[PDB]
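Chemist: First the structure, which I've put down as structure tokens, then a few questions once you've had a look.
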Amino acid sequence: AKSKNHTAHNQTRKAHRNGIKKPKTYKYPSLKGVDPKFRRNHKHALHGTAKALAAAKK
Amino acid sequence: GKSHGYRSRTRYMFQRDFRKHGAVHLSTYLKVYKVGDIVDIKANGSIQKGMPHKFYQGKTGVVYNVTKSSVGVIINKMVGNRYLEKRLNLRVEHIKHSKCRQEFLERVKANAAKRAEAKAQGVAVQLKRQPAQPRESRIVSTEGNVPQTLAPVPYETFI
Amino acid sequence: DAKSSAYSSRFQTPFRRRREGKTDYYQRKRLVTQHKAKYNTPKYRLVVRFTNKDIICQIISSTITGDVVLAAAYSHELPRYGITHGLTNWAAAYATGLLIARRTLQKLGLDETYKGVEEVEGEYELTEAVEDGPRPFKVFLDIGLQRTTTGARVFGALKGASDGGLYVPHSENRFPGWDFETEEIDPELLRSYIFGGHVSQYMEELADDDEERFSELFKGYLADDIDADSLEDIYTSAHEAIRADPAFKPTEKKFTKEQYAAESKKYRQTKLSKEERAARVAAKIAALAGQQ
Amino acid sequence: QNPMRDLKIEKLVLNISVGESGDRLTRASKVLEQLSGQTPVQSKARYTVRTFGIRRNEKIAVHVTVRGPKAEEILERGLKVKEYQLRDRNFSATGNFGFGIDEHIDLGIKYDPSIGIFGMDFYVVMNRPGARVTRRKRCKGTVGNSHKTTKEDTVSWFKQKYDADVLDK
RNA sequence: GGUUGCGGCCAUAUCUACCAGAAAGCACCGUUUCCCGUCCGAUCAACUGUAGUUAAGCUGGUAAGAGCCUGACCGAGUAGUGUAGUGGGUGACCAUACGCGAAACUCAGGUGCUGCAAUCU
RNA sequence: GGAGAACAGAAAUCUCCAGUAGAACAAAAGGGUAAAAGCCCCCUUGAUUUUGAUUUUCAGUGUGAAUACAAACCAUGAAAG
RNA sequence: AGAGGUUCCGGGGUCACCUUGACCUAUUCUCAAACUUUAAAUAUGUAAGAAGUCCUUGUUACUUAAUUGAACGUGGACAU
Ligand SMILES: [Mg+2]
Ligand SMILES: [Mg+2]
Ligand SMILES: [Mg+2]
Ligand SMILES: [Mg+2]
Ligand SMILES: [Mg+2]
Ligand SMILES: [Mg+2]
Ligand SMILES: [Mg+2]
Ligand SMILES: [Mg+2]
Ligand SMILES: [Mg+2]
Ligand SMILES: [Mg+2]
Ligand SMILES: [Mg+2]
Ligand SMILES: [Mg+2]
Ligand SMILES: [Mg+2]
């Protein structure tokens with residue numbers, strides 16, 4: 001039975017009913033995809049920084 | 001049959017920009033990309049490894065990852081009724097810095113300098129950009145500039 | 001000849017130095033491009049170039065505005081260290097590489113550490129790292145356009161720069177003494193080439209074969225009585241002459257650059273302007289069509 | 001005019017094109033080897049004709065390239081066959097020239113087996129000093145107009161020493 | 001200011017014809033024992049800066065030059081185009097209102113600029 | 001393509017000049033490529049191991065294809081890579 | 001669509017000729033969804049900062065010839 005195949009009518013209206021949402025950026029993004037050699041170092045740099053700050057504060 | 005491949009409808013757009021074919025000049029490789037740098041995506045069609053998709057050309061994103069020959073760029077992509085974050089592993093032949101951000105940081109330096117100068121004085125600075133304000137009052141002189149123009153022209157044909 | 005305007009319009013030139021035939025950009029991209037996570041770290045190359053009558057060794061990094069020379073040494077300042085003849089030979093390439101290595105190391109403050117191969121024996125010795133100290137200065141060889149043959153004297157500057165103390169990464173199989181048949185090097189043949197053995201044997205063979213060719217070639221050796229067995233002594237003395245003070249004394253230039261400019265401007269043709277160009281065109285019209 | 005504007009031979013290239021491989025072309029290699037003192041190089045056919053009898057990659061020719069004074073020595077030994085006579089043709093517009101002889105006649109005969117007759121092509125490439133500037137790798141330039149060999153220059157160099165003449169039958 | 005080495009932008013740098021180049025540099029150029037590579041020391045390799053030369057490369061200059069680049073109230077506010085009307089017209093299309101706005105053409109100017117290092121009456 | 005070379009010419013091989021790609025890259029078409037990505041030579045198996053991340057079709061599922069890394073282990077090259 | 005350019009490039013006609021085709025050069029008329037040096041309008045990505053900027057110097061097994069950088073920080077300053 002012949003009929004309508006595809007249309008993008010009403011899709012932008014439905015898209016903008018509940019708005020088009022920007023992805024809500026955060027401080028401290030996830031390290032997913034960042035270089036593993038950087039990540040392994042950065043874990044230790046953070047651990048040493050927190051160790052030195054606790055030693056300087058106590 | 002419908003064709004929807006990875007480089008479909010990319011005939012003129014990965015094309016190599018008449019009389020600028022050939023090798024990639026060395027400043028492309030000599031630029032330095034850091035995490036948080038905002039970069040424009042324009043795919044070099046001569047370099048086939050690490051090409052972005054045809055969606056991502058023209059798009060501007062923030063570098064999140066820096067690797068040996070590539071950078072990772074976050075592009076927000078409108079998918080349906082929301083945006084999604086797209087992490088892109090693009091070799092640095094398809095990436096250049098964003099001059100909008102370059103002049104923004106020169107504006108930040110200029111704003112800091114003007115606020116420091118206004119703190120050297122005691123006066124306010126008013127350091128926001130303002131739009132094109134309407135023009136102020138003028139006195140257009142006529143000396144050497146007598147207003148002289150005639151009417152519309154007749155219809156001649158000159159075929 | 002007489003190209004069409006469509007040819008000239010659609011023609012795309014190579015860069016400038018590919019046009020000039022001086023730079024391999026295919027090699028240059030690979031030699032200059034740094035790991036992007038080694039963000040602003042320069043990538044230094046030992047540029048070794050052989051003109052006629054000179055050897056040029058430079059330590060060159062790259063910026064966008066242009067290349068930047070850290071330390072450069074030429075073989076025509078080997079007369080101040082003692083080598084006055086054959087300034088483009090294999091041994092002069094070695095001594096130029098040693099000179100730029102010592103000059104670079106005391107420029108960086110890295111010469112007391114990394115003395116390099118003091119007693120030279122022709123061994124394939126690659127500069128190793130001092131434990132719990134600064135690493136050796138890593139410099140990659142840039143030969144440019146000239147071909148890699150087993151025994152080319154650009155690998156002389158490779159060996160000299162590696163022996164001076166720079167960590168210049170290489171393999172031993174382009175040095176003289178490498179056999180094609182077996183995968184072993186001849187350190188004694190390499191050591192003869194270091195101290196000019198290949199010139200000395202030809203000096204002692206030309207005098208015994210035909211004295212006419214030994215008067216054409218090596219006329220400068222007979223001019224100031226440099227005997228053929230003292231070449232090793234000359235190059236040996238020049239090596240610690242290089243090592244004792246590689247500090248780059250420059251020439252006095254015996255003029256100033258303003259006098260140089262004012263004297264070389266007298267022979268540089270000056271471009272004409274619009275007015276005399278149009279006057280030449282108009283006078284050409286009048287003379288060529290003044291009814292003869 | 002200048003000592004470096006002097007026409008000198010680069011190479012005499014000697015060509016035997018034998019439209020079949022194997023024994024006949026090994027004889028053709030033998031005669032060029034003993035004539036030149038260097039081993040010749042063989043040339044494969046670019047494409048298949050089926051009327052010339054050649055096939056692709058079939059080694060249907062030999063040739064050798066002689067430089068220095070040894071080319072000048074084979075020049076007279078070829079020109080005596082031509083009776084020191086060339087033509088208005090045989091001289092390129094780029095200033096090269098060449099001719100063709102038969103029998104490789106007698107000059108320096110070896111043991112001389114049942115080889116047969118082998119004609120051959122002589123081609124002489126002329127230029128001046130400074131021809132390295134198109135052949136060297138670095139700064140591979142182009143020889144300027146006053147220094148380029150012409151047909152008039154090479155026929156004047158021929159109607160000079162070797163004492164010959166052209167176009168005369 | 002010349003020149004070299006390494007370059008950045010990659011024709012204002014290319015191409016064609018011709019002329020000039022002091023000094024140094026570069027180059028051609030000389031040699032074939034060694035390292036090495038060729039059918040051929042032509043290229044590549046080595047050796048000598050010695051026998052020679054600026055002839056060429058190279059550099060600069062010239063041309064109502066080709067090309068290229070820049071600019072223009074030059075074409076031209078033209079073509080196209082967004083928006084508007086219960087506008088015109090049978091229609092094709094077109095005019096108007098609020099906006100944006102080319103290209104070819106035509107003229108004028110230009111014909112490499114420059115970074116690091118070394119050297120040169 | 002032009003000019004030349006016994007047989008040899010329209011076309012056999014040899015030589016020179018011009019040659020911005022008008023060639024070639026397995027296969028459609030498009031893109032790309034000139035000291036190359038084409039042609040020839042030398043060495044070789046990275047067409048290997050393990051695991052994440054990413055892109056495109058996407059519901060941001062699967063499959064296919066690809067991208068950039070990370071720990072190895074190799075190949076190549078003077079080396080950068 | 002005409003102009004200019006001599007050839008056993010099979011124009012028949014000297015046995016160098018009115019009755020030469022292609023080709024080459026300078027022009028000429030008209031075009032292209034799957035042609036293009038160019039190149040809009042409309043639509044379209046990003047940025048316009050406190051998660052910011054500047055100064056000092058802490059951590060690291062990453063990175064550098066080298067605390068040289070990278071990333072995250074402490075402390076200080078800047079809130080019409
Ligand atoms: Mg339905
Ligand atoms: Mg399609
Ligand atoms: Mg485009
Ligand atoms: Mg190479
Ligand atoms: Mg030679
Ligand atoms: Mg050489
Ligand atoms: Mg012009
Ligand atoms: Mg010019
Ligand atoms: Mg293919
Ligand atoms: Mg293409
Ligand atoms: Mg290659
Ligand atoms: Mg599929
Ligand atoms: Mg359309």
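Nothing in this text is a laboratory measurement; each read-out follows from the coordinates by a stated rule. Cβ placement follows ideal geometry from the backbone for every residue including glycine, while neighbour counts extend to all protein chains displayed.
Chemist: Condition (residue is more than 9 Å from every other protein chain (Cβ to nearest Cβ) and in contact (Cβ under 8 Å) with a residue 40 or more places away in the chain) applied to segment C:3-22: is it met by at least one residue?
Modeler: No, there is no match, as no residue in segment C:3-22 is more than 9 Å from every other protein chain (Cβ to nearest Cβ) and in contact (Cβ under 8 Å) with a residue 40 or more places away in the chain.
Chemist: May I ask you to verify whether C:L108 is among the aliphatic types (A, V, I, L, M), more than 30 Å from C:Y202 (Cβ to Cβ) and crowded, with 24+ Cβ neighbours inside 10 Å?
Modeler: It is false that C:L108 is among the aliphatic types (A, V, I, L, M), more than 30 Å from C:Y202 (Cβ to Cβ) and crowded, with 24+ Cβ neighbours inside 10 Å.
Chemist: Give just the number: which of (1) within 14 Å of chain C (Cβ to nearest Cβ); (2) assigned to a loop (DSSP other than H, G, I, E, B); (3) surrounded by 12 or more Cβ atoms within 10 Å (Cβ to Cβ); (4) aromatic (F, W, Y) does B:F14 not satisfy?
Modeler: Among (1) within 14 Å of chain C (Cβ to nearest Cβ); (2) assigned to a loop (DSSP other than H, G, I, E, B); (3) surrounded by 12 or more Cβ atoms within 10 Å (Cβ to Cβ); (4) aromatic (F, W, Y), B:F14 violates only (1).
Chemist: Next question. Answer yes or no as to whether B:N44 is crowded, with 18+ Cβ neighbours inside 10 Å, closer than 21 Å to B:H97 by Cβ and within 13 Å of ligand 3 (Cβ to nearest atom).
Modeler: Considered against the rule, which asks whether it is crowded, with 18+ Cβ neighbours inside 10 Å, closer than 21 Å to B:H97 by Cβ and within 13 Å of ligand 3 (Cβ to nearest atom), B:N44 comes out as yes.
Chemist: Then there is this: Of all residues in segment C:40-79 being surrounded by fewer than 18 Cβ atoms within 10 Å (Cβ to Cβ) and within 14 Å of RNA strand F (Cβ to nearest atom), which is farthest from the chain's Cα centre (by Cα)?
Modeler: By that ranking, first place goes to C:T41.
Chemist: Go through the residues of segment C:92-107 one by one and say whether even a single one is within 11 Å of chain B (Cβ to nearest Cβ), aromatic (F, W, Y) and either free of Cβ contacts under 8 Å to residues at least 24 places away in the same chain or not in a strand (DSSP E or B) (or both).
Modeler: No, because not a single residue in segment C:92-107 is within 11 Å of chain B (Cβ to nearest Cβ), aromatic (F, W, Y) and either free of Cβ contacts under 8 Å to residues at least 24 places away in the same chain or not in a strand (DSSP E or B) (or both).
Chemist: So which residues in segment D:113-169 are assigned to a helix (DSSP H, G or I), free of Cβ contacts under 8 Å to residues at least 12 places away in the same chain and among the charged types (D, E, K, R)?
Modeler: If the condition is that a residue be assigned to a helix (DSSP H, G or I), free of Cβ contacts under 8 Å to residues at least 12 places away in the same chain and among the charged types (D, E, K, R), then D:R132, D:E152, D:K159 are the ones that fit.
Chemist: Also, quick follow-up: So which helices (runs of 4 or more DSSP H) are wholly in segment C:183-292 and hold at least 3 residues that are under 29 Å from the mean Cα position of the chain (by Cα) and not β-branched (V, I, T)?
Modeler: C:187-194, C:197-209, C:213-216, C:219-223, C:231-244, C:257-264
Chemist: Condition test on B:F55, is it among the aromatic types (F, W, Y) and either in contact with a helix residue (DSSP H, G or I) (Cβ under 9 Å, 6 or more places away or on another chain) or more than 10 Å from RNA strand F (Cβ to nearest atom) (or both)?
Modeler: no
Chemist: Please count how many residues of segment B:22-41 are more than 7 Å from chain C (Cβ to nearest Cβ), away from ligand 3 (no atom under 16 Å from the Cβ) and within 20 Å of the chain's Cα centre (by Cα).
Modeler: 7
Chemist: Checking B:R19 against (1) surrounded by fewer than 17 Cβ atoms within 10 Å (Cβ to Cβ); (2) within 15 Å of RNA strand G (Cβ to nearest atom); (3) under 26 Å from C:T63 (Cβ atoms), only one condition comes out false. Which one?
Modeler: Of (1) surrounded by fewer than 17 Cβ atoms within 10 Å (Cβ to Cβ); (2) within 15 Å of RNA strand G (Cβ to nearest atom); (3) under 26 Å from C:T63 (Cβ atoms), only one is false for B:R19: (3).
Chemist: Picking from C:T88, C:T127, which residue would you name as being buried (at least 19 other Cβ atoms within 10 Å of the Cβ) and not basic (K, R)?
Modeler: Only one candidate qualifies: C:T127.
Chemist: From the residues in segment B:73-111 that are without any contact (Cβ under 8 Å) to a residue 40 or more places away in the chain and among the polar types (S, T, N, Q), which one is nearest to the other protein chains (Cβ to nearest Cβ)?
Modeler: B:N81
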